[PDB]
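Asker: Would you mind keeping the following structure in view while I ask a few things?
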Amino acid sequence: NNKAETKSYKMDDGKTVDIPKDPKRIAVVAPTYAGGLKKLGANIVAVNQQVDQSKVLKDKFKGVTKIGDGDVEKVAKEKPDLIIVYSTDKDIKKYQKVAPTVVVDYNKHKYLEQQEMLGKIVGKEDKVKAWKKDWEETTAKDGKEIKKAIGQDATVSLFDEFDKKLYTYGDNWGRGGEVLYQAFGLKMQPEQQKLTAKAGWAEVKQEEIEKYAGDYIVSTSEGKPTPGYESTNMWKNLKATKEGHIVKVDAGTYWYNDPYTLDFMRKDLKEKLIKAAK
């Protein structure tokens, strides 16, 4: 063995950290980047346990040593050549001591750009550029098909029901949106589209609901205390309801923007809608 050569990396803040050229023992305490790196085929020794909430990533990370957040003690025991942490991480310095680490500012990285962002790290810059081009092509054609199925101008809304309250997503690039809107090209509800978030997806009031509901709805229910079957307050009259155009999806899966969860969402969404479209 010979100490493998380095590459200097500019981070989201400090513009200097030295990292492995081909890291062979990466520990991520930042689950956002987990699936992204695995698709790139790099070796992951340690992954944040939170990934066990994604029916997709739970399965992609079987048996892999799972870390809590801030569990610096337990991580070093795997002696990782490279460590990845969110910028908002507590032990940012303590990890720099365990191994060379990169702080990633979650908020400076969206869906495809952040897969490039990860691409820039393990030098597999073209493994992503390639895959990216593939996705860009497929989802788009899928859109064409789903657009035929449900209507060329059908609006699709995206709703969560937490603790008996309803919430619609603001950001057209997360929690499904990336695929629905930015990949497939399905139309947004004009009012939902107006939402500023950039902010925790906002509660919809009992009255302004027809205003925010799409022709179809991709409805999840992480109001995990869960009181029952979505209720039916004013939810009774909705075009989507009335026509059976609500489609359910696992909340915790639809968190992650990593190529695995992404490619899953493509399948999951496309299927569920066209089926929902009678």
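Note on naming: chains are A, B, ... as they come in the structure tokens, residues start from 1 per chain, ligands start from 1 in the order shown.
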Taking the DSSP secondary structure from the backbone, can you list the residues of segment 88-212 of chain A that are strand (DSSP E or B), as a PDB file with N, CA and C atoms, in the first residue's frame?
Answerer:
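Saved file selection_23.pdb follows:
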ATOM      1  N   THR A 101     -12.998  15.888   6.091  1.00  0.00           N
ATOM      2  CA  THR A 101     -14.438  16.003   5.899  1.00  0.00           C
ATOM      3  C   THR A 101     -14.839  17.189   5.042  1.00  0.00           C
ATOM      4  N   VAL A 102     -15.995  17.044   4.403  1.00  0.00           N
ATOM      5  CA  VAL A 102     -16.589  18.092   3.596  1.00  0.00           C
ATOM      6  C   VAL A 102     -17.904  18.512   4.220  1.00  0.00           C
ATOM      7  N   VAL A 103     -18.037  19.786   4.576  1.00  0.00           N
ATOM      8  CA  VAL A 103     -19.348  20.272   4.988  1.00  0.00           C
ATOM      9  C   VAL A 103     -20.120  20.685   3.739  1.00  0.00           C
ATOM     10  N   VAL A 104     -21.363  20.211   3.634  1.00  0.00           N
ATOM     11  CA  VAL A 104     -22.210  20.560   2.497  1.00  0.00           C
ATOM     12  C   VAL A 104     -23.330  21.387   3.041  1.00  0.00           C
ATOM     13  N   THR A 155     -53.652  19.787 -13.927  1.00  0.00           N
ATOM     14  CA  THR A 155     -52.798  20.215 -12.821  1.00  0.00           C
ATOM     15  C   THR A 155     -52.598  19.097 -11.811  1.00  0.00           C
ATOM     16  N   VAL A 156     -51.382  18.967 -11.292  1.00  0.00           N
ATOM     17  CA  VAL A 156     -51.136  18.023 -10.205  1.00  0.00           C
ATOM     18  C   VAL A 156     -50.672  18.742  -8.947  1.00  0.00           C
ATOM     19  N   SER A 157     -51.410  18.547  -7.872  1.00  0.00           N
ATOM     20  CA  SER A 157     -51.057  19.137  -6.598  1.00  0.00           C
ATOM     21  C   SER A 157     -50.305  18.107  -5.740  1.00  0.00           C
ATOM     22  N   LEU A 158     -49.651  18.585  -4.689  1.00  0.00           N
ATOM     23  CA  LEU A 158     -48.843  17.725  -3.854  1.00  0.00           C
ATOM     24  C   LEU A 158     -49.134  18.043  -2.387  1.00  0.00           C
ATOM     25  N   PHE A 159     -49.780  17.107  -1.689  1.00  0.00           N
ATOM     26  CA  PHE A 159     -50.308  17.389  -0.347  1.00  0.00           C
ATOM     27  C   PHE A 159     -49.845  16.425   0.743  1.00  0.00           C
ATOM     28  N   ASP A 160     -49.609  16.998   1.919  1.00  0.00           N
ATOM     29  CA  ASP A 160     -49.312  16.260   3.138  1.00  0.00           C
ATOM     30  C   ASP A 160     -50.358  16.475   4.198  1.00  0.00           C
ATOM     31  N   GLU A 161     -50.750  15.450   4.929  1.00  0.00           N
ATOM     32  CA  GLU A 161     -51.689  15.722   5.997  1.00  0.00           C
ATOM     33  C   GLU A 161     -51.029  15.398   7.311  1.00  0.00           C
ATOM     34  N   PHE A 162     -50.510  16.438   7.973  1.00  0.00           N
ATOM     35  CA  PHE A 162     -49.947  16.284   9.311  1.00  0.00           C
ATOM     36  C   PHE A 162     -50.911  16.724  10.405  1.00  0.00           C
ATOM     37  N   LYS A 165     -54.310  18.642   9.943  1.00  0.00           N
ATOM     38  CA  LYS A 165     -54.174  19.846   9.105  1.00  0.00           C
ATOM     39  C   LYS A 165     -53.655  19.483   7.703  1.00  0.00           C
ATOM     40  N   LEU A 166     -54.009  20.244   6.666  1.00  0.00           N
ATOM     41  CA  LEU A 166     -53.524  19.921   5.317  1.00  0.00           C
ATOM     42  C   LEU A 166     -52.394  20.819   4.852  1.00  0.00           C
ATOM     43  N   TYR A 167     -51.419  20.287   4.129  1.00  0.00           N
ATOM     44  CA  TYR A 167     -50.300  21.135   3.686  1.00  0.00           C
ATOM     45  C   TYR A 167     -49.977  20.940   2.208  1.00  0.00           C
ATOM     46  N   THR A 168     -49.769  22.018   1.477  1.00  0.00           N
ATOM     47  CA  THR A 168     -49.375  21.829   0.101  1.00  0.00           C
ATOM     48  C   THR A 168     -47.907  22.248   0.014  1.00  0.00           C
ATOM     49  N   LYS A 187     -48.521  20.104 -15.259  1.00  0.00           N
ATOM     50  CA  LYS A 187     -48.852  21.475 -14.864  1.00  0.00           C
ATOM     51  C   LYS A 187     -49.150  21.659 -13.377  1.00  0.00           C
ATOM     52  N   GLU A 203     -49.725  25.280   5.196  1.00  0.00           N
ATOM     53  CA  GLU A 203     -51.005  24.691   5.516  1.00  0.00           C
ATOM     54  C   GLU A 203     -52.104  25.308   4.674  1.00  0.00           C
ATOM     55  N   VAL A 204     -52.960  24.455   4.149  1.00  0.00           N
ATOM     56  CA  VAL A 204     -54.100  24.906   3.398  1.00  0.00           C
ATOM     57  C   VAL A 204     -55.305  24.921   4.311  1.00  0.00           C
TER      58      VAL A 204
END
Asker: List every residue of segment 31-83 of chain A that DSSP, applied to the backbone of this structure, assigns to helix (DSSP H, G or I), and report them as a PyMOL selection string.
Answerer: chain A and resi 31-39+49-53+55-60+72-76
Asker: Keeping N, CA, C and O atoms, export the residues of the selection given above as an mmCIF file, in the first residue's frame.
Answerer:
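The resulting file, selection_29.cif, is reproduced below:
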data_model
loop_
_atom_site.group_PDB
_atom_site.id
_atom_site.type_symbol
_atom_site.label_atom_id
_atom_site.label_comp_id
_atom_site.auth_asym_id
_atom_site.auth_seq_id
_atom_site.Cartn_x
_atom_site.Cartn_y
_atom_site.Cartn_z
ATOM 1 N N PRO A 31 -27.700 12.123 4.958
ATOM 2 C CA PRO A 31 -28.387 11.103 4.147
ATOM 3 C C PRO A 31 -28.757 11.573 2.748
ATOM 4 O O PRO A 31 -28.990 10.750 1.853
ATOM 5 N N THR A 32 -28.813 12.889 2.582
ATOM 6 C CA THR A 32 -29.105 13.511 1.295
ATOM 7 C C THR A 32 -28.170 12.963 0.224
ATOM 8 O O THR A 32 -28.575 12.679 -0.913
ATOM 9 N N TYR A 33 -26.929 12.746 0.620
ATOM 10 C CA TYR A 33 -25.881 12.434 -0.334
ATOM 11 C C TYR A 33 -25.641 10.917 -0.473
ATOM 12 O O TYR A 33 -25.056 10.453 -1.459
ATOM 13 N N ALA A 34 -26.127 10.160 0.509
ATOM 14 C CA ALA A 34 -26.031 8.701 0.519
ATOM 15 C C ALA A 34 -26.355 8.023 -0.816
ATOM 16 O O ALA A 34 -25.459 7.535 -1.508
ATOM 17 N N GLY A 35 -27.633 7.999 -1.181
ATOM 18 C CA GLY A 35 -28.037 7.360 -2.421
ATOM 19 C C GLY A 35 -27.321 7.905 -3.648
ATOM 20 O O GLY A 35 -26.995 7.163 -4.576
ATOM 21 N N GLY A 36 -27.050 9.207 -3.637
ATOM 22 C CA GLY A 36 -26.348 9.848 -4.730
ATOM 23 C C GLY A 36 -24.989 9.238 -4.986
ATOM 24 O O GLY A 36 -24.629 8.970 -6.131
ATOM 25 N N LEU A 37 -24.250 9.002 -3.907
ATOM 26 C CA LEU A 37 -22.916 8.405 -3.984
ATOM 27 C C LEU A 37 -22.967 6.913 -4.324
ATOM 28 O O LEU A 37 -22.160 6.426 -5.115
ATOM 29 N N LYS A 38 -23.911 6.188 -3.739
ATOM 30 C CA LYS A 38 -24.018 4.780 -4.061
ATOM 31 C C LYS A 38 -24.284 4.565 -5.551
ATOM 32 O O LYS A 38 -23.749 3.633 -6.142
ATOM 33 N N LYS A 39 -25.079 5.434 -6.170
ATOM 34 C CA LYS A 39 -25.371 5.284 -7.596
ATOM 35 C C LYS A 39 -24.064 5.456 -8.362
ATOM 36 O O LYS A 39 -23.854 4.849 -9.412
ATOM 37 N N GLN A 49 -28.600 6.877 9.878
ATOM 38 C CA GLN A 49 -29.664 5.879 10.067
ATOM 39 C C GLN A 49 -31.011 6.320 9.485
ATOM 40 O O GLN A 49 -31.867 5.490 9.164
ATOM 41 N N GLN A 50 -31.177 7.635 9.357
ATOM 42 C CA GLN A 50 -32.389 8.263 8.830
ATOM 43 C C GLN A 50 -32.809 7.712 7.471
ATOM 44 O O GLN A 50 -33.967 7.833 7.081
ATOM 45 N N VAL A 51 -31.866 7.118 6.745
ATOM 46 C CA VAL A 51 -32.167 6.579 5.429
ATOM 47 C C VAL A 51 -33.141 5.429 5.554
ATOM 48 O O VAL A 51 -33.835 5.107 4.588
ATOM 49 N N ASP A 52 -33.242 4.858 6.757
ATOM 50 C CA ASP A 52 -34.171 3.757 7.033
ATOM 51 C C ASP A 52 -35.639 4.156 7.048
ATOM 52 O O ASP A 52 -36.484 3.399 7.530
ATOM 53 N N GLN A 53 -35.934 5.333 6.503
ATOM 54 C CA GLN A 53 -37.286 5.859 6.480
ATOM 55 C C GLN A 53 -37.751 5.846 5.048
ATOM 56 O O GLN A 53 -38.941 5.933 4.757
ATOM 57 N N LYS A 55 -38.298 3.585 2.083
ATOM 58 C CA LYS A 55 -38.467 2.203 1.631
ATOM 59 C C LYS A 55 -37.497 1.879 0.492
ATOM 60 O O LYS A 55 -37.177 0.720 0.267
ATOM 61 N N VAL A 56 -37.006 2.904 -0.200
ATOM 62 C CA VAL A 56 -36.032 2.714 -1.270
ATOM 63 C C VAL A 56 -34.622 2.609 -0.715
ATOM 64 O O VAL A 56 -33.868 1.712 -1.090
ATOM 65 N N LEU A 57 -34.267 3.530 0.175
ATOM 66 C CA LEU A 57 -32.911 3.581 0.689
ATOM 67 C C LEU A 57 -32.713 2.621 1.845
ATOM 68 O O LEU A 57 -31.578 2.268 2.159
ATOM 69 N N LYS A 58 -33.804 2.210 2.487
ATOM 70 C CA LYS A 58 -33.688 1.255 3.574
ATOM 71 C C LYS A 58 -33.097 0.025 2.936
ATOM 72 O O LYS A 58 -32.092 -0.510 3.396
ATOM 73 N N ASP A 59 -33.702 -0.366 1.822
ATOM 74 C CA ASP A 59 -33.263 -1.523 1.062
ATOM 75 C C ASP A 59 -31.889 -1.354 0.380
ATOM 76 O O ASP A 59 -31.155 -2.325 0.255
ATOM 77 N N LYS A 60 -31.530 -0.146 -0.055
ATOM 78 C CA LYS A 60 -30.214 0.083 -0.683
ATOM 79 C C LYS A 60 -29.051 0.097 0.306
ATOM 80 O O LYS A 60 -27.886 0.069 -0.105
ATOM 81 N N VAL A 72 -19.819 10.682 16.869
ATOM 82 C CA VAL A 72 -18.414 10.723 16.448
ATOM 83 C C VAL A 72 -17.616 9.519 16.941
ATOM 84 O O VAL A 72 -16.715 9.017 16.262
ATOM 85 N N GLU A 73 -17.949 9.071 18.142
ATOM 86 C CA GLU A 73 -17.310 7.912 18.735
ATOM 87 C C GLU A 73 -17.441 6.707 17.803
ATOM 88 O O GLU A 73 -16.439 6.160 17.334
ATOM 89 N N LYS A 74 -18.685 6.343 17.501
ATOM 90 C CA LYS A 74 -18.997 5.155 16.705
ATOM 91 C C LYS A 74 -18.454 5.197 15.262
ATOM 92 O O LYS A 74 -18.158 4.148 14.696
ATOM 93 N N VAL A 75 -18.315 6.392 14.679
ATOM 94 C CA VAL A 75 -17.869 6.528 13.280
ATOM 95 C C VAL A 75 -16.397 6.202 13.079
ATOM 96 O O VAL A 75 -16.031 5.467 12.156
ATOM 97 N N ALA A 76 -15.553 6.787 13.917
ATOM 98 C CA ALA A 76 -14.124 6.567 13.822
ATOM 99 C C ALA A 76 -13.781 5.069 13.817
ATOM 100 O O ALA A 76 -12.847 4.645 13.132
#
Asker: Can you pull out every residue within 8 Å of segment 229-240 of chain A, counting only C-alpha atoms, but drop anything in the same chain fewer than 5 positions away, and send it as a ChimeraX atom specification?
Answerer: /A:161,206-207,209-210,213-217,221,245-246
Asker: What's the 9 Å shell around segment 131-135 of chain A, counting only C-alpha atoms, without same-chain residues fewer than 6 positions away, as a PyMOL selection string?
Answerer: chain A and resi 112+115-116+183+259+263
Asker: Which neighbours of segment 5-14 of chain A fall inside 6 Å, counting only C-alpha atoms, when residues of the same chain fewer than 6 positions from it are skipped, and could you give them as a ChimeraX atom specification?
Answerer: /A:20-21,105
Asker: Create the file for the chosen residues now, containing N, CA and C atoms and written as a CSV table (one decimal), in the first residue's frame.
Answerer:
chain,number,residue,atom,x,y,z
A,20,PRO,N,-9.4,12.3,-0.6
A,20,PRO,CA,-9.0,11.2,-1.4
A,20,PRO,C,-9.4,11.3,-2.9
A,21,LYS,N,-8.5,10.9,-3.8
A,21,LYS,CA,-8.9,10.9,-5.2
A,21,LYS,C,-9.9,9.8,-5.5
A,105,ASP,N,-23.6,22.5,2.4
A,105,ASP,CA,-24.7,23.4,2.8
A,105,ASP,C,-25.9,22.9,2.1
Asker: Determine, counting only C-alpha atoms, which protein, DNA and RNA residues have an atom within 9 Å of an atom of residue 222 of chain A; residues of the same chain fewer than 2 positions away are not included. Present the result as a ChimeraX atom specification.
Answerer: /A:160-163,220,224-226,250-252
Asker: Take the residues just selected and output them with N, CA and C atoms as an mmCIF file, in the first residue's frame.
Answerer:
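Wrote result.cif, looks like this:
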data_model
loop_
_atom_site.group_PDB
_atom_site.id
_atom_site.type_symbol
_atom_site.label_atom_id
_atom_site.label_comp_id
_atom_site.auth_asym_id
_atom_site.auth_seq_id
_atom_site.Cartn_x
_atom_site.Cartn_y
_atom_site.Cartn_z
ATOM 1 N N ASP A 160 -49.609 16.998 1.919
ATOM 2 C CA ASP A 160 -49.312 16.260 3.138
ATOM 3 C C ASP A 160 -50.358 16.475 4.198
ATOM 4 N N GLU A 161 -50.750 15.450 4.929
ATOM 5 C CA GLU A 161 -51.689 15.722 5.997
ATOM 6 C C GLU A 161 -51.029 15.398 7.311
ATOM 7 N N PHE A 162 -50.510 16.438 7.973
ATOM 8 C CA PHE A 162 -49.947 16.284 9.311
ATOM 9 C C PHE A 162 -50.911 16.724 10.405
ATOM 10 N N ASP A 163 -51.109 15.891 11.426
ATOM 11 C CA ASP A 163 -51.964 16.239 12.577
ATOM 12 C C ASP A 163 -53.319 16.934 12.255
ATOM 13 N N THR A 220 -49.757 12.465 0.425
ATOM 14 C CA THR A 220 -49.141 11.631 1.424
ATOM 15 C C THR A 220 -49.722 12.039 2.748
ATOM 16 N N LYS A 224 -48.055 11.475 11.059
ATOM 17 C CA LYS A 224 -47.765 10.164 11.564
ATOM 18 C C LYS A 224 -48.538 9.736 12.807
ATOM 19 N N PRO A 225 -48.888 10.690 13.687
ATOM 20 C CA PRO A 225 -49.850 10.243 14.700
ATOM 21 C C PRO A 225 -51.083 9.625 14.065
ATOM 22 N N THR A 226 -51.417 10.038 12.840
ATOM 23 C CA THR A 226 -52.512 9.481 12.024
ATOM 24 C C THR A 226 -53.867 9.163 12.723
ATOM 25 N N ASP A 250 -45.646 6.905 -0.196
ATOM 26 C CA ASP A 250 -44.939 6.931 1.076
ATOM 27 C C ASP A 250 -44.225 8.252 1.310
ATOM 28 N N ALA A 251 -44.526 8.871 2.451
ATOM 29 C CA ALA A 251 -43.966 10.167 2.786
ATOM 30 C C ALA A 251 -42.470 10.054 2.803
ATOM 31 N N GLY A 252 -41.990 9.311 3.795
ATOM 32 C CA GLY A 252 -40.572 9.209 4.049
ATOM 33 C C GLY A 252 -39.721 8.798 2.865
#
Asker: What does the structure give for the distance between atom CA of residue 195 of chain A and atom CA of residue 88 of chain A, in Å to one decimal?
Answerer: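 These two atoms are separated by 25.8 Å.
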Asker: Give me the residues near residue 70 of chain A as a list in words, where near means some atom within 9 Å (using only C-alpha atoms) and where sequence neighbours in that chain fewer than 5 positions away do not count.
Answerer: residues 29, 89, 90 and 91 of chain A
Asker: Calculated over only C-alpha atoms, which of the candidates A:179, A:261, A:150, A:198 has the smallest distance to residue 278 of chain A?
Answerer: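 Once distances to residue 278 of chain A are computed over only C-alpha atoms, the minimum belongs to A:150.
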